[PDB]
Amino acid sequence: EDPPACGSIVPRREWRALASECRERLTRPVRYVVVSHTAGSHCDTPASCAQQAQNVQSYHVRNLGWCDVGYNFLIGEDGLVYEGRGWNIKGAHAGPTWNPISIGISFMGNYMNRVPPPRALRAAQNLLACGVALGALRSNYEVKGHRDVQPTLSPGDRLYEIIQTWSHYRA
């Protein structure tokens, strides 16, 4: 029974989320990770990224009339991880086959032509390491890109390239 603090995660309170209204739950341990980009603009400061997180959830919540930001987590270019729906709540990020069986982490920006900075990559890698220590993810979890399970350009070409490389990436 180990309690670690791998959570260097910015809580929703800290980026000033609107109250989530989602109630459906994931079953631990989750087996799949789906990587996305927002396709939107990036941020490289804790301050600008809290704005970017609020903007993204605002779109999902107010325009799209959803129960919260779709992702389980957002990764920023400031090297920080933004608690989305977090580990226990079913996301809305890859459609009805994958949503119940996966975590959706998404990078804030458009990686069709940029590559994300090493510290975003590190954040993401670290987040996954956390999930495993927590029991949230299977230690042998698989990683898919967003375009691999759904018809989109997301996560972007350069990022898609990078994630194809990853240890836990699969087909």
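Throughout, we count residues from 1 along the sequence that is shown.
Two stretches are in play, 46 to 54 and 119 to 127, and the higher mean C-alpha B-factor belongs to 46 to 54. If you average the C-alpha B-factors over 147 to 155 and over 5 to 13, the higher value belongs to 5 to 13. Within the group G40, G135, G65, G104, the record's highest C-alpha temperature factor is found at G40. When all modelled residues of the chain are sorted by CA temperature factor, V61 is found within the middle third. In the PDB entry, a CA B factor belonging to the lowest third of its chain's modelled residues is recorded for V35. The PDB entry assigns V69 a C-alpha temperature factor belonging to the lowest third of its chain's modelled residues. When all modelled residues of the chain are sorted by CA temperature factor, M112 is found within the highest third.
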